[PDB]
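Peer 1: Supplied in structure tokens, the structure appears directly below.
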Amino acid sequence: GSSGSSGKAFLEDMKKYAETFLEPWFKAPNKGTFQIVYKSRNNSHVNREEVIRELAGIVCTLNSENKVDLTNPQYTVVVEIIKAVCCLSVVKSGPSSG
């Protein structure tokens, strides 16, 4: 995974948060699949891939059982950009047996 080196605070923070925030959503005893999506209404300096990829790289770190999927995702983690802030929205969708 990511070598692990500070630098882009904008991200560093999002990590410490998305982690302790998604812990109960990705980190045991919770686990499962998910789908990350980068949403930005305005032009942002930080790349979208870096945000998505990374976010995913952290999810797995929590629980090895966690596996980001784009087909049968259980938890949708979207990242909206507002007032220059990382807005993480977790949506629980399960079309299985309603």
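By convention in this document, the chains of the structure tokens carry letters A, B, ... by their order, each chain's residues are numbered from 1, and ligands are numbered from 1 in the order they are shown.
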Can you list every residue in chain A that DSSP puts in strand (DSSP E or B), as number ranges by chain?

Peer 2: A: 33-39, 67-68, 75-82, 85-92

Peer 1: If you keep N, CA, C and O atoms, can you produce a file of those selected residues as a compact mmCIF listing (two decimals), in the first residue's frame?

Peer 2:
# COMPACT_ATOMS: atom_id res chain seq x y z
N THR A 33 -18.42 -4.95 1.23
CA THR A 33 -17.98 -4.25 0.03
C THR A 33 -18.46 -2.80 0.03
O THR A 33 -19.27 -2.41 0.86
N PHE A 34 -17.94 -2.01 -0.91
CA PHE A 34 -18.31 -0.61 -1.01
C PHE A 34 -17.89 -0.03 -2.36
O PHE A 34 -17.15 -0.67 -3.11
N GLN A 35 -18.36 1.17 -2.66
CA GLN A 35 -18.03 1.83 -3.92
C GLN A 35 -17.73 3.31 -3.69
O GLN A 35 -18.60 4.08 -3.29
N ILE A 36 -16.49 3.70 -3.95
CA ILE A 36 -16.07 5.09 -3.78
C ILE A 36 -16.33 5.90 -5.04
O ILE A 36 -16.12 5.43 -6.15
N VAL A 37 -16.80 7.13 -4.85
CA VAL A 37 -17.10 8.02 -5.97
C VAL A 37 -16.67 9.45 -5.67
O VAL A 37 -17.02 10.01 -4.63
N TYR A 38 -15.90 10.04 -6.58
CA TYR A 38 -15.42 11.40 -6.41
C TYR A 38 -16.36 12.40 -7.09
O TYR A 38 -16.54 12.38 -8.31
N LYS A 39 -16.96 13.27 -6.29
CA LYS A 39 -17.88 14.28 -6.81
C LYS A 39 -17.40 15.68 -6.46
O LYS A 39 -17.26 16.03 -5.29
N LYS A 67 -13.71 -5.34 0.94
CA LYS A 67 -13.34 -5.39 -0.47
C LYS A 67 -14.20 -4.43 -1.29
O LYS A 67 -15.38 -4.68 -1.52
N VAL A 68 -13.59 -3.33 -1.73
CA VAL A 68 -14.30 -2.34 -2.53
C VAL A 68 -14.78 -2.93 -3.85
O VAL A 68 -13.98 -3.40 -4.65
N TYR A 75 -21.86 -0.65 0.73
CA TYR A 75 -21.78 0.70 1.26
C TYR A 75 -21.16 1.65 0.24
O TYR A 75 -20.04 1.44 -0.22
N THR A 76 -21.90 2.70 -0.11
CA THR A 76 -21.43 3.68 -1.07
C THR A 76 -20.81 4.89 -0.37
O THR A 76 -21.50 5.66 0.30
N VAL A 77 -19.50 5.05 -0.53
CA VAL A 77 -18.78 6.16 0.09
C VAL A 77 -18.44 7.23 -0.94
O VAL A 77 -17.48 7.09 -1.70
N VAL A 78 -19.23 8.30 -0.96
CA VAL A 78 -19.01 9.40 -1.89
C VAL A 78 -18.29 10.56 -1.22
O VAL A 78 -18.47 10.81 -0.03
N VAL A 79 -17.47 11.27 -1.99
CA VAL A 79 -16.72 12.40 -1.47
C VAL A 79 -17.09 13.69 -2.21
O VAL A 79 -16.64 13.92 -3.33
N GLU A 80 -17.90 14.52 -1.56
CA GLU A 80 -18.33 15.78 -2.16
C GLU A 80 -17.40 16.92 -1.73
O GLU A 80 -16.89 16.93 -0.61
N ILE A 81 -17.20 17.87 -2.64
CA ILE A 81 -16.34 19.02 -2.35
C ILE A 81 -17.16 20.27 -2.10
O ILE A 81 -17.76 20.83 -3.02
N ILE A 82 -17.19 20.72 -0.85
CA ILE A 82 -17.94 21.91 -0.48
C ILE A 82 -17.06 22.89 0.30
O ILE A 82 -16.33 22.50 1.20
N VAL A 85 -13.88 21.53 1.34
CA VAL A 85 -13.88 20.56 2.43
C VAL A 85 -14.25 19.17 1.93
O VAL A 85 -15.03 19.02 0.98
N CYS A 86 -13.69 18.15 2.56
CA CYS A 86 -13.96 16.76 2.18
C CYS A 86 -15.21 16.25 2.88
O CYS A 86 -15.20 15.98 4.08
N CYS A 87 -16.29 16.11 2.12
CA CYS A 87 -17.55 15.62 2.66
C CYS A 87 -17.76 14.15 2.32
O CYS A 87 -18.05 13.80 1.17
N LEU A 88 -17.62 13.29 3.32
CA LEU A 88 -17.79 11.85 3.13
C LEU A 88 -19.22 11.43 3.47
O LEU A 88 -19.66 11.55 4.61
N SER A 89 -19.93 10.92 2.47
CA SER A 89 -21.31 10.47 2.67
C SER A 89 -21.42 8.96 2.48
O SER A 89 -21.11 8.43 1.42
N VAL A 90 -21.86 8.27 3.53
CA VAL A 90 -22.02 6.83 3.49
C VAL A 90 -23.48 6.43 3.31
O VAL A 90 -24.32 6.74 4.15
N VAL A 91 -23.78 5.75 2.21
CA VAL A 91 -25.14 5.32 1.92
C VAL A 91 -25.24 3.80 1.95
O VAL A 91 -24.50 3.10 1.26
N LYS A 92 -26.17 3.29 2.76
CA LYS A 92 -26.38 1.85 2.88
C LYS A 92 -27.51 1.39 1.97
O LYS A 92 -28.69 1.61 2.26

Peer 1: Name the residues in contact with residue A:8 at a cut-off of 12 Å, using only C-alpha atoms, excluding same-chain residues fewer than 2 positions from it; report them as a ChimeraX atom specification.

Peer 2: /A:4-6,10-15,45-47,50-51

Peer 1: Looking at A:98, A:72, A:57, A:65, which one is nearest to residue A:30, with distances taken over only C-alpha atoms?

Peer 2: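 Looking at the shortest contact to residue A:30, the residue is A:65.
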
Peer 1: Give me the residues near residue A:64 as an MDAnalysis selection string, where near means some atom within 9 Å (using only C-alpha atoms) and where sequence neighbours in that chain fewer than 3 positions away do not count.

Peer 2: chainID A and resid 27 31 59:61 67

Peer 1: Would you mind telling me which residue in A:55, A:41, A:49, A:2 lies nearest to residue A:17 when using only C-alpha atoms?

Peer 2: A:55

Peer 1: Just the helix (DSSP H, G or I) stuff from chain A, please, per backbone DSSP, written as a PyMOL selection string.

Peer 2: chain A and resi 9-26+48-62

Peer 1: Mind checking which residues fall within 10 Å of residue A:84, counting only C-alpha atoms, ignoring those fewer than 5 positions away in the same chain, and posting them as an MDAnalysis selection string?

Peer 2: chainID A and resid 10 40 42 44

Peer 1: Using the selection just defined, write its residues with N, CA and C atoms as a CSV table (one decimal), in the first residue's frame.

Peer 2:
chain,number,residue,atom,x,y,z
A,10,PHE,N,-4.4,18.3,3.2
A,10,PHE,CA,-5.7,18.1,2.7
A,10,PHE,C,-6.1,16.7,2.7
A,40,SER,N,-17.2,16.5,-7.5
A,40,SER,CA,-16.7,17.9,-7.3
A,40,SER,C,-17.4,18.8,-8.2
A,42,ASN,N,-16.8,21.9,-8.4
A,42,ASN,CA,-15.8,22.9,-8.8
A,42,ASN,C,-14.5,22.3,-9.1
A,44,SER,N,-10.9,21.3,-8.4
A,44,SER,CA,-10.1,21.2,-7.2
A,44,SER,C,-8.6,20.8,-7.6
